[PDB]
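**Student:** no FASTA, just this:
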Ligand SMILES: *[C@H]1O[C@H](CO)[C@@H](O[C@@H]2O[C@H](CO)[C@@H](O[C@H]3O[C@H](CO)[C@@H](O)[C@H](O)[C@@H]3O)[C@H](O)[C@H]2NC(C)=O)[C@H](O)[C@H]1NC(C)=O
Ligand SMILES: *[C@@H]1O[C@H](CO)[C@@H](O[C@@H]2O[C@H](CO)[C@@H](O)[C@H](O)[C@H]2NC(C)=O)[C@H](O)[C@H]1NC(C)=O
Ligand SMILES: OC[C@H]1N[C@H](CO)[C@@H](O)[C@@H]1O
């Protein structure tokens with residue numbers, strides 16, 4: 001028998017209880033800081049939410065600390081909601097966050113470490129003039145929140161954004177200040193969309209063109225572009241554009257307002273929400289934290305007594321062609337790798353299933369690369385308007401085609417009665433150009449009742465003719481982060497097979513199509529647990 005079969009081994013998550021929106025991430029004095037929305041009283045959202053706190057020297061192995069920001073003054077008596085962190089000149093970190101005041105309205109609060117001597121910033125103090133910012137003119141007291149990391153303009157003035165809506169038209173309210181205490185709403189929003197509802201946890205940063213690293217938020221230039229990100233309709237979206245401080249104007253690259261349609265871009269197309277990035281000036285990389293909600297019954301959450309996991313921190317950067325963003329787990333994860341199992345030049349005959357042996361199947365890192373031959377045989381399906389989620393949900397692992405479904409069977413039982421399939425499908429349009437679809441077929445992930453087993457999918461932007469379809473998977477018990485094409489298309493999935501209570505998990509590579517495919521290379525590593533020390537009291 002096995003207890004707590006769903007807690008992860010190397011993904012960040014508190015000892016117990018509920019967690020969501022990751023908060024004010026930052027790198028201060030050689031230490032990585034992470035904060036998270038926490039309900040110290042149950043395994044479900046509640047009327048009282050504080051800021052969880054934990055530190056790490058490598059984003060992998062953590063140390064849980066006492067909660068940092070909790071309601072102490074009127075400006076946040078009901079709860080301390082999401083916010084961001086900004087290290088101001090002088091090496092002093094500032095925390096701006098949304099609070100729920102006595103009158104139950106959402107406002108912006110400021111706070112900062114109280115004992116900078118302390119490597120772990122255990123104790124924090126609020127400013128006295130809190131709240132620093134209150135809902136604008138025509139804005140409802142529960143539609144104004146999630147302030148961003150601030151950025152300093154060449155003119156010496158700061159800039160931040162706050163989420164919310166104006167008559168149900170999601171917006172990025174922009175405020176400016178010189179001291180970081182007195183703020184004034186700017187005349188227009190930084191950006192916005194219609195009928196999208198409250199924009200949550202906005203994020204606005206610069207990405208260096210033709211590079212693969214990050215920049216300090218405050219950077220700007222002609223060889224730089226800006227990502228305007230926002231959550232809404234249960235998903236986090238973004239858009240690459242150009243920023244011009246002089247008029248606080250954001251001009252999208254594709255020239256579209258966010259729509260939440262299969263027309264826009266998301267970081268991850270599965271369970272991924274309330275994401276926030278931050279600049280790591282030690283390794284020159286922009287890191288991305290994101291909340292991964294549960295998919296099992298609320299009843300189930302109260303039983304296991306915990307909800308919420310954080311994605312494994314991924315590095316962010318704009319693509320070579322500059323039209324989309326790329327993500328990849330930070331190198332530190334590599335140090336968790338134990339033993340390995342390879343495969344090279346292995347054909348997967350039509351309708352076959354090859355098992356990977358010797359790996360720690362339930363907690364591993366698996367990369368696999370397919371070599372396609374005979375594309376002319378691709379099914380015929382113009383994909384200009386097709387919605388991939390519908391397609392993976394209609395054509396699962398058991399729907400045989402020409403090229404694909406071919407891929408990986410993770411968190412699977414020995415009898416394949418329960419399985420989670422991450423795979424591909426290659427299609428071709430009348431004119432002869434190809435398209436690749438990536439899927440996460442959770443339809444058979446678990447036999448348990450009351451579990452959301454919806455599947456997730458997205459189209460991968462590569463050329464099957466020239467490049468091989470690559471796929472890495474971070475398998476950690478109840479979460480699977482599927483990285484396709486080197487991070488050009490990511491998909492996080494939560495699954496809860498029943499077998500994980502008695503039997504051990506299995507790992508397979510498979511091809512259920514009619515056309516033969518070959519495994520160019522398959523590198524699989526068993527992943528050891530991440531160290532989680534506790535220093536609270
Ligand atoms: C991909 O290849 C097959 C594509 O159909 C798929 O077959 C599985 O087995 C049969 C078809 O041979 C079907 O199962 C039927 O019987 C079960 C009884 O256990 C019913 O519950 C099903 O609803 C259905 O009537 C399924 O179509 C299919 N899946 C299973 C095992 O139920 C293979 O499974 C696919 N390869 C893998 C392992 O992903
Ligand atoms: C401010 O932070 C420092 C650094 O952690 C604290 O100093 C440590 O205090 C413990 C006992 O509380 C000692 O065992 C360590 O030797 C101290 N280290 C240093 C660097 O002095 C200090 O106590 C904190 N002050 C407050 C306000 O609690
Ligand atoms: O826990 C409160 C936070 N949940 C939302 C995102 O899920 C944020 O807008 C809000 O600040």
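**Tutor:** Sure, I can see it. Numbers count the residues shown, from 1 in each chain. Ligands and ions are numbered 1, 2, ... in the order given.
**Student:** any idea how far residue 398 is from residue 496?
**Tutor:** 20 Å (C-beta to C-beta, to the nearest Å). Backbone N, C-alpha and C define where each C-beta goes, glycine included.
**Student:** These two: which has the busier surroundings?
**Tutor:** Counted by other C-beta atoms under 10 Å, residue 496 and residue 398 do not tie: residue 496 has more neighbours, with 26 against 11.
**Student:** which stretch of helix or strand covers the more buried one?
**Tutor:** Assigned by DSSP states H and E, residue 496 belongs to no helix or strand.
**Student:** again, but for residue 260
**Tutor:** Short version, using DSSP H and E: residue 260 is in no helix or strand.
**Student:** That one and ligand 3: what is the separation?
**Tutor:** 16 Å (C-beta to the nearest ligand atom, to the nearest Å).
**Student:** okay, now that residue: neighbour count?
**Tutor:** 18.
**Student:** Surely it is in contact with residue 196?
**Tutor:** Yes - here residue 260 reaches residue 196: they are 5.9 Å apart, a contact under C-beta atoms under 8 Å.
**Student:** For ligand 1, what's the nearest residue on the stretch 51-200 of the chain?
**Tutor:** Nearest to ligand 1, among the residues of the stretch 51-200 of the chain, is residue 60, at 32.9 Å (C-beta to the nearest ligand atom).
**Student:** Under a three-state scheme, what state does that residue occupy?
**Tutor:** coil (DSSP: H, G, I helix; E, B strand; the rest coil).
**Student:** Please name the nearest non-neighbouring residue to the one residue in the stretch 251-400 of the chain that gets nearest to ligand 2.
**Tutor:** Ligand 2 sits closest to residue 282 of the stretch 251-400 of the chain, with a gap of 21.2 Å, by C-beta to the nearest ligand atom. Of all residues not flanking residue 282 in the chain, residue 27 sits nearest, at 6.0 Å (C-beta to C-beta, 6 or more residues apart in numbering).
**Student:** ok, the one you found - contacts?
**Tutor:** 33, 278-282 (C-beta atoms under 8 Å, 6 or more residues apart in numbering).
**Student:** one more time with 7 Å, if that's ok
**Tutor:** 280-282 (C-beta atoms under 7 Å, 6 or more residues apart in numbering).
**Student:** go on, residue 354?
**Tutor:** With C-beta under 7 Å, 6+ apart, residue 354 has these contacts: 348, 508-510.
**Student:** buried ones in stretch 333-350?
**Tutor:** For stretch 333-350, burial by neighbour count (16 or more other C-beta atoms under 10 Å) applies to 333, 336, 341, 343, 348.
**Student:** The third one contacts residue 524, correct?
**Tutor:** Yes - Residue 341 sits in contact with residue 524 when judged by C-beta atoms under 7 Å, with a separation of 4.7 Å.
**Student:** list residues touching both of these two?
**Tutor:** Going by C-beta under 7 Å, 6+ apart, residues that sit against residue 341 and also against residue 524 are 356, 359.
**Student:** tell me the two of the contacts of residue 354 that are most distant?
**Tutor:** Within these, 348 and 508 form the most distant pair, 10.4 Å apart (C-beta to C-beta).
**Student:** Need the three-state assignment for the nearest residue to residue 264 once chain neighbours are set aside.
**Tutor:** Nearest residue to residue 264 in three dimensions, chain neighbours excluded: residue 237, at 5.2 Å (C-beta to C-beta, 6+ apart). Assigned with three-state DSSP, residue 237 falls in the strand class.
**Student:** dump the residue contacts of residue 237.
**Tutor:** Here residue 237 is in contact with 229-230, 258, 260, 264-266 (C-beta under 7 Å, 6+ apart).
**Student:** Those residues into JSON lines, with extra columns for secondary structure and distance to residue 474?
**Tutor:** JSON lines is the format used below for the contacts of residue 237 (DSSP: H, G, I helix; E, B strand; the rest coil; distance: C-beta to C-beta, whole Å):
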{"residue": "229", "secondary structure": "strand", "distance to residue 474": "22"}
{"residue": "230", "secondary structure": "strand", "distance to residue 474": "26"}
{"residue": "258", "secondary structure": "coil", "distance to residue 474": "28"}
{"residue": "260", "secondary structure": "coil", "distance to residue 474": "27"}
{"residue": "264", "secondary structure": "coil", "distance to residue 474": "25"}
{"residue": "265", "secondary structure": "strand", "distance to residue 474": "21"}
{"residue": "266", "secondary structure": "strand", "distance to residue 474": "18"}
